[PDB]
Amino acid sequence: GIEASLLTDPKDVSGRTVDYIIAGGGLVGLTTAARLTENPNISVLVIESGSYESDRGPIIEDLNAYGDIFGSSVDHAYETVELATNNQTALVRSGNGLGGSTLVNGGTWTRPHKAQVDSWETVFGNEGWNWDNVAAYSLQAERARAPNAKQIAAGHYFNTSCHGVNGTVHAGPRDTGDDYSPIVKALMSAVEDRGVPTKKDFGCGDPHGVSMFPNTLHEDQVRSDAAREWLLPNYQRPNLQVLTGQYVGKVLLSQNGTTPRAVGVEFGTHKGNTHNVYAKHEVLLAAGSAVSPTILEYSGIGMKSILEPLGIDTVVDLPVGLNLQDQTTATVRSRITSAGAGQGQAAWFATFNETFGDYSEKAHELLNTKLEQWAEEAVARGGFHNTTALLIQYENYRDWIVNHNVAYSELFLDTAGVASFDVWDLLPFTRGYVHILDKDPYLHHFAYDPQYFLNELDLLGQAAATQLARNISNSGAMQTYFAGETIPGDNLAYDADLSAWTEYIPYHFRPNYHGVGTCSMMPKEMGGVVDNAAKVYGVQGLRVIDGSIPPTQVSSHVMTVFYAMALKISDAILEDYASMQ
């Protein structure tokens, strides 16, 4: 089976040459490996820290066991710095194994607002990265199933024109085999009372209001992790090799002629027991947004003000590890009546005004007047290096909000015996960083600082969104089932105002684990690390292709984006292969 095919001994590859080395066998890594190896003459080696997990059992395969895997060997559990918002360390869940974070995630399959992806071309100068182009790739990756009568009656709506049916990633309604909870329709009715839409297909381009959604699972409900979807069908390809249990530590650079060329990687599990393997064509970094930037830094590709004090020679000076964009999540949970019983998830994608309610005018005043101050402050905190280019990102967000009314927050509802919202401000203005703190890759000593709540509007937005989830949990049809709040519950007066919520929130949140931007795809002069083909600036035969690369957040779950971008980048790669045969 697949297990017997996987390599575990470094000696099997040490000193050898393949066409492409992919660091990280996660979402993008395996999708790309599969696409590239469709040409039998193209050799690919995937190097993954973890191992195969897809047949472990429900802790991986059942999405309703979400979270049980946290803390295990399948969770990197990356620790943040001591955060300035609350003087505590936070844990960033991140999948360790073939499939990466697809092994541990919530399976939610939704797309951004069209204006967000369009702006990657029109504001960030990434030619051809507009909604229509990327959506073509997303449709191609997708193998969606329409809902049945029961799933529709629960609240599903599926636009046949917005889903591919013949692709690779299996997606369809979550259905545990219970009856569906009326709470999902109750939430729809409550927001409909306030003029908010419902049942909009969150895969069509306008994610707004309260809807259900597909999940990344097979019809039989097995998790469609990236390994199950892209590796398991294809592992018998002799041109596709996968080494497990090893970390890529750095990219090997040959400094001929005017520019450095990536010629391979070093890999291992501890200093002093490493090996090299070489790439004839390219090295491709896909170790995740927390990790691929550090791999560049260990290699001498990063900021001189970071690398030099650590004793690393800066071979290419780039703002690697800046522009880190993760969201904050908080919880509102209530007990329900017995009549609320049943399965179901849904989410409110809430606009800026829906989020802020009566604070709207004031929040808009901040958005209109403080952008330059905020960018200056974020730059002074080391979240970004160029104030002008950050101000552009911020004017972009304010264009999204004011001229396109994009979803600003997400109130994610779970049912199955409670009414529980996990709530996050989708569009943080804060910018953080990740940087190495030692030169030994295998020590894994790094400062990952998302700078949660260090921008005032992010704290105000989060507070308003979480307050709104309490509000909506006991409004309209929701009052049919509401049987008392259990979180915050006694920890925060039920009549708390917005200031009281801003005081509570820094002590009651978690990372959302949606971190992007650490090797941003945008022009070099805007602070970018890669071009519109994901090539690292000033290095030949080196790409960063994973969640490090999106220059902005999106009002979406990211899988749809990341499978699309993997395939799009894979075409660019294959075009270069065909050009230099």
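When you see a residue number, it is the position in the sequence shown, counting from 1.
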> Do the CA atoms of 503-511 or those of 362-370 have the higher mean B-factor in the entry?
Replying inline: 362-370
> Which wins on mean Cα temperature factor, 109-117 or 258-266?
Replying inline: 258-266
> Whose CA atom has the top B-factor in the entry, of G547, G29, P551, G527?
Replying inline: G527
> Highest Cα B-factor in the deposition, which of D449, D422, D193, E142?
Replying inline: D193
>> When the deposited Cα B-factors of this chain's modelled residues are ordered and cut into thirds, is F482 in the lowest, the middle or the highest one?
In response: highest
>> Looking at the temperature factor on the CA atom of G302, which third of the chain's modelled residues does it land in?
In response: middle
> Thinking about Cα B factors across the chain, which third does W348 belong to?
Replying inline: lowest
> Which third of the chain does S570 land in by C-alpha B-factor: lowest, middle or highest?
Replying inline: middle
> Is the Cα B-factor recorded for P173 in the lowest, middle or highest third of its chain?
Replying inline: lowest
